[PDB]
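Enquirer: Please see the structure below; I have some questions.
We place every Cβ from the backbone using ideal geometry, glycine too, and count neighbours over all the protein chains shown. Taken together, the values in this text are just the output of simple stated rules run on the coordinates, not laboratory data.
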Amino acid sequence: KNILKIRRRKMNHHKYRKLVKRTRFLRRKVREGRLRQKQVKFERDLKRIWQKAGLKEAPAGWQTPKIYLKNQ
Amino acid sequence: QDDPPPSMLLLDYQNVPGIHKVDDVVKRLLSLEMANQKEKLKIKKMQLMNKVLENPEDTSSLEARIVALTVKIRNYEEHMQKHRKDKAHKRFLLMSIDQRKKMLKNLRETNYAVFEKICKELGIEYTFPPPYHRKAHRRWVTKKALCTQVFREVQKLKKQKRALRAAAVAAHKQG
Amino acid sequence: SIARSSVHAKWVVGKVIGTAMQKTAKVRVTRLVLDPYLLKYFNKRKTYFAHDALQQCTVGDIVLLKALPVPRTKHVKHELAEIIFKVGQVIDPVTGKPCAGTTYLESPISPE
Amino acid sequence: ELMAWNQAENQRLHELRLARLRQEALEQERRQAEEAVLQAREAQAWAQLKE
RNA sequence: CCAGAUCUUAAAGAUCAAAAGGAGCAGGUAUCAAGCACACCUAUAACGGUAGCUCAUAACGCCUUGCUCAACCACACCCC
Ligand SMILES: [Mg+2]
Ligand SMILES: [Mg+2]
Ligand SMILES: [Mg+2]
Ligand SMILES: [Mg+2]
Ligand SMILES: [Mg+2]
Ligand SMILES: [Mg+2]
């Protein structure tokens, strides 16, 4: 009655979980990539700031930590 | 930390006549010695409400409620120091703290003299809520730290450039 | 006799938001605006910086602002005229007596 | 004219109010008598029990 | 709120009104949520000093776009 709706979702979810199992290391690769990208855009955002403020180098003792690439 | 002495003769039996004439043993059974913890809280409450307040008779007054709630809060503090993982009492503590503070912000808006006094006496410190509660996360925390360092650099450099300007123009103007 | 300000705001009344800058009160002013669809009135808020000469202002005080003839800065167009309700110390304008909330702190019928 | 009129009006109301509050003060002292009686009775009862 | 231009006349007026402002109103998108110096004082106009300012009543972005029409706003080959 209502289960028809549930059943549908049920199927969808199953099929998707299955797929994540197959596609797993492909997915790993893509997410690691996106994390690198993220870190980079972040660095650019920072660099952009200290440059538009007229400074040449980043301020003394600034290492710009790696937040997204944080070890799992 | 205060110390409502072991021999202190519980709240209800303090004002009954000729108590001090009784022999050591009964005096001892009516002591905070043989007492519960709840009796030490009654005592602590009376004592605080006498040190801090003006009219200890009014239970109704905001100030009175703040004092009482503060006794309860210090008590949950103790309990929580012993039991780290009790989440139920952690709830009581945080909650009851928010109630205290709500009442404080209500004093400050109505009778300020008293509010001032209470904060001094119970050692409570009243902070205004921030505007904008937002979760400070890794990206924002880092970026802000950077922006602050950048700022401090820049204005320091403008200061050095003005020192150079002043020195140059002065040593020029003299000869 | 020319002293004016081009502002619409010649007199306003508002709460003191924060005192953090030297000699300058941040003040939240609030007006009623009629939401056209619902025909109802809601409070739009707007902030004003005001010049406080003696730094008289706690946060939470209701206060009255007069428009400054010559703007002190780009953001400061008003000077603080009066303190209408000091925060949590309020003297009833009707009976001239100290009150905390709805209670009289010193009764007006006990002069002596 | 109108500001003066308003002034006199506020003063009128002020006197009315002072009357009302004196009255309330009286009724209040009456209440204090009642409460003092009851609290005295229960003070006694408590003293007896504890004794 | 008006500097300025112009007309008239001695002046005063008057027409068009740049710049500067703000009671209020003003496209979509919050999967754009933080912006990163964006404030104030001092006083002499500088030296100096406080550490602020904007923002979930939508800041800061991105997309789309002439308009609320006795009219108004903008452009004038391109690089605002
Ligand atoms: Mg399906
Ligand atoms: Mg003119
Ligand atoms: Mg104009
Ligand atoms: Mg177009
Ligand atoms: Mg062009
Ligand atoms: Mg062409």
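Enquirer: If I go through region B:125-175 residue by residue, how many of them are of a type in the set (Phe, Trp, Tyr), more than 17 Å from residue A:45 (Cβ to Cβ) and at the interface with another protein chain (Cβ under 8 Å from one of its Cβ atoms)?
Expert: 1
Yes/no matrix, rows are residues, columns are (1) farther than 25 Å from residue B:136 by Cα; (2) within 14 Å of another protein chain (Cβ to nearest Cβ):
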site	(1), (2)
A:6	yes, no
A:11	yes, no
A:17	yes, no
A:23	yes, no
A:46	no, yes
A:50	no, yes
A:56	yes, yes
A:64	no, yes
A:70	no, yes
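Enquirer: While we're here: Taking the condition part of a loop (DSSP other than H, G, I, E, B) and within 11 Å of RNA strand E (Cβ to nearest atom), does residue C:17 pass?
Expert: no
Enquirer: Among the candidates A:70, A:41, A:18, which residue alone is assigned to a helix (DSSP H, G or I), more than 16 Å from RNA strand E (Cβ to nearest atom) and exposed (fewer than 13 other Cβ atoms within 10 Å of the Cβ)?
Expert: Unique residue meeting the criteria: A:18.
Enquirer: Keeping to region C:17-53, report how many residues are under 14 Å from residue C:65 (Cα atoms) and of a type in the set (S, T, N, Q).
Expert: 3
Enquirer: All but one of (1) more than 16 Å from RNA strand E (Cβ to nearest atom); (2) farther than 30 Å from residue B:155 by Cα hold for residue A:34; state the number of the condition that does not hold.
Expert: Only one criterion in (1) more than 16 Å from RNA strand E (Cβ to nearest atom); (2) farther than 30 Å from residue B:155 by Cα is unmet by residue A:34, namely (1).
Enquirer: Sticking with this structure for a sec: If residue A:28 meets every condition in (1) more than 16 Å from ligand 1 (Cβ to nearest atom); (2) over 18 Å from the mean Cα position of the chain (by Cα) apart from one, which number is that one?
Expert: Among (1) more than 16 Å from ligand 1 (Cβ to nearest atom); (2) over 18 Å from the mean Cα position of the chain (by Cα), residue A:28 violates only (2).
Enquirer: Right, another one. Enumerate the pairs (first residue in region C:78-96 and within 14 Å of chain B (Cβ to nearest Cβ); second residue anywhere and of a type in the set (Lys, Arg) and not in a strand (DSSP E or B)) with beta-carbon separation below 8 Å, excluding pairs fewer than 6 apart on the same chain, so at least 6 apart or on different chains.
Expert: C:87/B:108; C:88/B:108; C:91/C:97
Enquirer: Could you run through region C:45-76 and say how many residues are away from every other protein chain (no Cβ under 14 Å) and in contact with a strand residue (DSSP E or B) (Cβ under 7 Å, 6 or more places away or on another chain)?
Expert: 17
Enquirer: Same structure again: Taking region C:11-53 as the search range and keeping residues that are over 24 Å from residue B:127 (Cα atoms) and in contact (Cβ under 8 Å) with a residue 40 or more places away in the chain, which one is surrounded by the most Cβ atoms within 10 Å (Cβ to Cβ)?
Expert: Among those that are over 24 Å from residue B:127 (Cα atoms) and in contact (Cβ under 8 Å) with a residue 40 or more places away in the chain, it is C:12.
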